[PDB]
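Chains as they are written, first to last, in the working numbering: chain Z, 26 to 74; chain C, 77 to 125; chain L, 117 to 312; chain P, 34 to 88; chain S, 104 to 211.
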Amino acid sequence: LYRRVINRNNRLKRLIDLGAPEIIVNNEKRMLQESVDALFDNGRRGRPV
Amino acid sequence: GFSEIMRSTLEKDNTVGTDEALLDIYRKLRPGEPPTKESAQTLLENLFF
Amino acid sequence: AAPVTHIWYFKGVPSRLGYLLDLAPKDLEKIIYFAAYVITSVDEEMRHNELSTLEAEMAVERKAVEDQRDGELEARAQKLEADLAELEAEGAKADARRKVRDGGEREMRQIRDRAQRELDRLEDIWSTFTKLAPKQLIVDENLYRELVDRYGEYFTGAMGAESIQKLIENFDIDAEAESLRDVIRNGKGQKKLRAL
Amino acid sequence: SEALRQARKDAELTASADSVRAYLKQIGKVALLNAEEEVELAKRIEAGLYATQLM
Amino acid sequence: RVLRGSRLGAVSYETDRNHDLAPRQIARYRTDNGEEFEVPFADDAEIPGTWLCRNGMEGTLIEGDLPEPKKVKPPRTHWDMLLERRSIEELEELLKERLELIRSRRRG
DNA sequence: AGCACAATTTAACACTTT
DNA sequence: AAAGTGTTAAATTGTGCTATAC
């Protein structure tokens with residue numbers, strides 16, 4: 026779970042510096058939110074990892 | 077014809093026709109998907125037939 | 117690199133972020149998981165005083181829609197005059213002339229109703245702008261771009277945890293505390309039972 | 034077809050809480066291109082890059 | 104069966120002490136957002152100019168040495184990927200072309 | 001699976017425009 | 001008389017718990 030959080034965080038940090046359309050950045054931020062939610066309390070919102 | 081409950085529901089149902097019930101079934105089952113003519117007559121035959 | 121809401125303070129029972137902002141949990145999940153923009157601020161002074169010039173400019177675009185409508189309607193009138201002139205200049209069958217006059221009415225109806233639909237769209241965007249307030253929702257995802265490219269200087273809107281952070285920034289606790297104290301003191305009903 | 038041309042309107046306002054399906058419905062709203070539109074878009078991209086470099 | 108395991112490391116048995124320890128000196132670095140970090144070092148140690156601090160970002164020493172920018176580049180910054188495959192004469196005879204399309208489309 | 005419980009909807013209502 | 005419009009109850013979902021040692 027820590028690896029998935031820092032993975033999606035590094036990919037967001039790369040997509041922002043590279044310059045990207047809004048859809049890819051919003052999808053990355055939603056994936057980051059779901060990764061941190063899976064870290065803190067799994068299986069609460071949506072299906073569990 | 078005996079069916080004292082069936083004609084009661086046939087009064088209180090308000091949905092008349094094949095397509096008018098097909099859109100209701102599709103919108104209650106998906107939910108919220110564009111009604112087509114494939115998903116009308118093939119969804120019911122792709123779930124039980 | 118982007119803020120993230122703590123899951124205990126959003127997906128509890130009762131949801132504390134929903135109580136602290138007076139937002140429904142079904143709307144909170146639409147905001148923070150990138151499904152609906154939220155208005156987070158609106159300049160009331162500019163929207164108050166420039167309202168007359170904005171609706172005067174809005175009537176220009178509405179009459180432009182109506183003008184293109186009546187231009188296409190005059191085109192349909194001249195086209196149906198040409199049909200009922202050149203087809204009936206000689207001897208002809210009756211029922212095909214009935215169908216020609218029917219199809220002219222059909223295209224005229226199509227013109228005026230397409231214009232009616234886009235007129236209702238232009239009414240809807242202005243009715244949405246005139247009732248703007250913070251902690252709202254725009255689930256359309258096309259109407260917000262129309263509000264950003266046009267009248268985009270009168271407000272701010274965003275998506276997700278940064279917008280929730282912006283709402284928490286502009287949150288005066290004492291005003292909500294005094295209002296919640298006064299509601300349970302004066303009013304009654306379901307409104308009092310909620311405010312506790 | 035008011036219903037048929039409604040439920041098509043009322044489809045795009047629902048949650049669909051599975052995020053994969055949300056991303057697929059989000060990317061479904063942009064049309065494809067033909068073999069000669071990408072040429073025009075690439076010409077516009079290269080012209081804009083040359084203009085930003087000269088800037 | 105029992106299945107012993109170990110996180111790879113060691114446990115030494117020197118009884119601990121607290122009086123004679125080789126002497127140390129303190130450096131102080133300063134990061135970009137005005138933070139100060141104190142780092143101990145041995146006395147026989149070349150104190151470096153830049154240090155990856157506890158904040159997560161690099162901080163230089165408090166002195167004015169200015170060691171190295173080390174001439175590090177961009178990498179590929181698009182353009183470079185445009186200029187390496189297409190030359191300047193082909194772009195200048197294209198951009199102006201596109202520029203004339205701004206002149207003809209504006210008036211029809 | 002169920003047993004309890006509290007939060008969140010259809011619908012059922014009088015009240016006020018149209 | 002229709003048409004909303006807000007306030008007030010039954011349906012409707014989700015959360016939490018369910019013995020002890022080898």
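Where is the CB? At the ideal position from N, CA and C, for every residue including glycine.
Note to self: Would you call the stretch 180-191 of chain L in contact with the stretch 138-158 of chain L, where contact means no fewer than 3 C-beta pairs closer than 8 Å?
What the structure shows: Too few Cβ pairs lie closer than 8 Å, so no.
Note to self: In whole angstroms, give me the CA-to-CA distance for residue 1 of chain Z and residue 61 of chain P.
What the structure shows: Only positions 26 to 74 of chain Z appear in the structure, and residue 1 of chain Z is not among them; the question remains open.
Check: Is the Cβ of residue 43 of chain P closer than 8 Å to any Cβ of chain C?
Finding: For the purposes of this step, residue 43 of chain P is taken as residue 10 along the fourth sequence, with counting starting at 1. A Cβ of chain C is located within less than 8 Å of the beta carbon of residue 43 of chain P.
Margin query: So if DSSP puts residue 153 of chain L in a beta bridge, which residue, or which two residues, is it bridged to?
Written below: Within the third sequence, the letter at position 37 stands for residue 153 of chain L. Residue 153 of chain L is bridged to L:254.
Next item on the list: Output the distance between the C-alpha atoms of residue 167 of chain L and residue 240 of chain L, rounded to the nearest integer angstrom.
Entry: Within the third sequence, residue 167 of chain L is the residue found at index 51, counting from 1. Within the third sequence, residue 240 of chain L is the residue found at index 124, counting from 1. Cα to Cα, residue 167 of chain L sits roughly 16 Å from residue 240 of chain L.
Margin query: Determine whether the beta carbon atoms of residue 47 of chain Z and residue 33 of chain Z lie at a separation below 8 Å.
Written below: Locating residue 47 of chain Z in the first sequence gives position 22, where the first residue counts as 1. Locating residue 33 of chain Z in the first sequence gives position 8, where the first residue counts as 1. No, they are not a contact pair.
Notebook entry, point to check: DSSP on residue 159 of chain S, reduced to helix/strand/coil?
Noted result: Position 56 of the fifth sequence, counted from the first residue, corresponds to residue 159 of chain S. In the structure shown, residue 159 of chain S sits in coil (DSSP, three-state: anything other than H, G, I, E or B).
Notebook entry, point to check: By the criterion of Cβ-Cβ separation under 8 Å, what are the contact partners of residue 82 of chain P in chain S?
Noted result: The residue you call residue 82 of chain P lines up with position 49 of the fourth sequence. Under the 8 Å cutoff, chain S gives 181, 182 and 185.
Note to self: In this structure, how does DSSP classify residue 116 of chain S when only helix, strand and coil are distinguished?
What the structure shows: The count along the fifth sequence starts at 1 and reaches residue 116 of chain S at position 13. It is coil, neither helix nor strand.
Notebook entry, point to check: Taking the alpha-carbon positions, what's the residue 121 of chain C to residue 50 of chain Z distance?
Noted result: By one-based count along the second sequence, residue 121 of chain C stands at place 45. By one-based count along the first sequence, residue 50 of chain Z stands at place 25. Going from the Cα of residue 121 of chain C to the Cα of residue 50 of chain Z covers about 40 Å.
Item checked: residue 140 of chain L and residue 255 of chain L closer than 8 Å at C-beta -> Counting from 1 along the third sequence, the entry for residue 140 of chain L is found at position 24. Counting from 1 along the third sequence, the entry for residue 255 of chain L is found at position 139. At a Cβ-Cβ threshold of 8 Å, residue 140 of chain L and residue 255 of chain L do not count as neighbours.
Check: Which residues does DSSP pair with residue 274 of chain L in a beta bridge?
Finding: Mapped onto the third sequence, residue 274 of chain L falls at position 158. In DSSP, residue 274 of chain L forms a bridge with L:154.
Next item on the list: Give me whichever residues DSSP pairs with residue 145 of chain S in a beta bridge.
Entry: Along the fifth sequence, read from residue 1 onward, the residue named residue 145 of chain S stands at position 42. According to DSSP, which records beta bridges pairwise, residue 145 of chain S is partnered with S:127.
Next item on the list: Give the secondary structure of residue 297 of chain L by DSSP, where H, G and I count as helix, E and B as strand, and everything else as coil.
Entry: Here the question's residue 297 of chain L lines up with position 181 in the third sequence. It is helical.
Item checked: Length-filtered (4 minimum) alpha helix (DSSP H) runs lying within the stretch 60-84 of chain P -> If one requires a minimum length of 4 residues, no alpha helix (DSSP H) run lies completely within the stretch 60-84 of chain P.
Next item on the list: Establish whether the CB of residue 41 of chain Z and some CB of chain P are separated by less than 8 Å.
Entry: Working through the first sequence from its first residue, we reach residue 41 of chain Z at position 16. Residue 41 of chain Z does not count as touching chain P.
Notebook entry, point to check: How close, in whole Å, do the beta carbons of residue 127 of chain L and residue 39 of chain Z come, if the pair is a contact with beta carbons under 8 Å?
Noted result: Walking along the third sequence from the start, residue 127 of chain L turns up at place 11. Walking along the first sequence from the start, residue 39 of chain Z turns up at place 14. Incorrect: roughly 29 Å between the Cβ atoms, too far for contact.
Notebook entry, point to check: Listed from N- to C-terminal order along the chain, which residues in the stretch 53-81 of chain P have their beta-carbon within a distance smaller than 8 Å of any beta-carbon of chain S?
Noted result: Taking 8 Å as the cut-off between beta carbons, the residues of the stretch 53-81 of chain P near chain S are 76, 77, 79 and 80, in sequence order.
Next item on the list: Confirm, please, whether the CB-CB distance from residue 162 of chain S to residue 116 of chain S is below 8 Å.
Entry: As a position in the fifth sequence, residue 116 of chain S is number 13, starting the count at 1. As a position in the fifth sequence, residue 162 of chain S is number 59, starting the count at 1. No, these two residues do not count as a Cβ contact at 8 Å.
Next item on the list: Please state whether DSSP places residue 140 of chain S in a helix, a strand or coil.
Entry: Reading the fifth sequence from its first residue, position 37 is the one you call residue 140 of chain S. Of the three classes helix, strand and coil, the one that applies to residue 140 of chain S here is strand, per DSSP.
Notebook entry, point to check: The alpha helix (DSSP H) with residue 182 of chain S in it runs from where to where?
Noted result: Working through the fifth sequence from its first residue, we reach residue 182 of chain S at position 79. Segment 182-186, the alpha helix (DSSP H) holding residue 182 of chain S.
Next item on the list: Please determine if the stretch 264-279 of chain L and the stretch 130-137 of chain L are in contact, where contact requires at least 3 C-beta pairs separated by less than 8 Å.
Entry: Cβ pair count under 8 Å is below three, so no.
Next item on the list: Quick one: list the residues of chain Z neighbouring residue 50 of chain P, beta-carbon separation under 9 Å, in chain order.
Entry: As a position in the fourth sequence, residue 50 of chain P is number 17, starting the count at 1. By Cβ distance, chain Z contributes 70 and 71.
Notebook entry, point to check: Does the beta-carbon distance from residue 203 of chain L to residue 213 of chain L come in below 8 Å?
Noted result: Start at 1 with the first residue of the third sequence, and residue 203 of chain L comes out as number 87. Start at 1 with the first residue of the third sequence, and residue 213 of chain L comes out as number 97. Contact: yes.
Item checked: Cutoff 8 Å: residue 74 of chain Z Cβ touching any chain L Cβ -> On the first sequence, residue 74 of chain Z is found 49 positions in, with the first residue counted as 1. Interface annotation, residue 74 of chain Z: not in contact with chain L, CB-CB separation never under 8 Å.
Notebook entry, point to check: Is any beta-carbon of chain L found at less than 8 Å from that of residue 29 of chain Z?
Noted result: Taking the first residue of the first sequence as 1, we reach residue 29 of chain Z at position 4. Chain L places no beta carbon closer than 8 Å to that of residue 29 of chain Z, leaving this residue out of the contacts.
Check: Hey, how far is the Cα of residue 126 of chain S from the Cα of residue 154 of chain S?
Finding: Along the fifth sequence, one-based indexing puts residue 126 of chain S at 23. Along the fifth sequence, one-based indexing puts residue 154 of chain S at 51. So the alpha carbons of these two residues sit roughly 21 Å apart.
Check: Who does residue 153 of chain S pair with in a DSSP beta bridge?
Finding: As a first step, residue 153 of chain S must be located in the fifth sequence, where it is residue number 50. Residue pairing for residue 153 of chain S: DSSP places it in a beta bridge opposite S:163.
Note to self: Only counting the same chain, and skipping five residues up and downstream in sequence, which positions put a Cβ closer than 7 Å to that of residue 78 of chain P?
What the structure shows: Position 45 of the fourth sequence, counted from the first residue, corresponds to residue 78 of chain P. No residues qualify anywhere along the chain.
Check: Can residue 66 of chain Z and residue 284 of chain L be called in contact, C-beta distance under 8 Å?
Finding: Working through the first sequence from its first residue, we reach residue 66 of chain Z at position 41. Working through the third sequence from its first residue, we reach residue 284 of chain L at position 168. In this structure, residue 284 of chain L does not lie closer than 8 Å to residue 66 of chain Z by Cβ.
Notebook entry, point to check: Would you say residue 102 of chain C and residue 96 of chain C are within 8 Å of each other, going by their C-beta atoms?
Noted result: In the second sequence, counting from the first residue as 1, residue 102 of chain C sits at position 26. In the second sequence, counting from the first residue as 1, residue 96 of chain C sits at position 20. Not closer than 8 Å, so no.
Next item on the list: Select from S:129, S:124, S:180 and S:144 the residue whose C-alpha is nearest the C-alpha of residue 89 of chain P.
Entry: Because chain P in this structure spans residues 34 to 88, residue 89 of chain P falls outside the shown range and cannot be described.
Check: Do the CB positions of residue 234 of chain L and residue 181 of chain L come within less than 8 Å of each other?
Finding: Within the third sequence, the letter at position 118 stands for residue 234 of chain L. Within the third sequence, the letter at position 65 stands for residue 181 of chain L. Yes.
Check: In or out: residue 31 of chain Z buried (at least 16 other Cβ within 10 Å) or exposed?
Finding: Taking the first sequence and counting its residues from 1, the one referred to as residue 31 of chain Z is at position 6. It is exposed - the Cβ of residue 31 of chain Z has fewer than 16 other Cβ atoms within 10 Å.
Next item on the list: Report the rounded CA-to-CA distance for residue 35 of chain Z versus residue 92 of chain C, giving the unit in angstroms.
Entry: On the first sequence, position 10 is the one that residue 35 of chain Z refers to. On the second sequence, position 16 is the one that residue 92 of chain C refers to. Roughly 56 Å between the two C-alpha positions.
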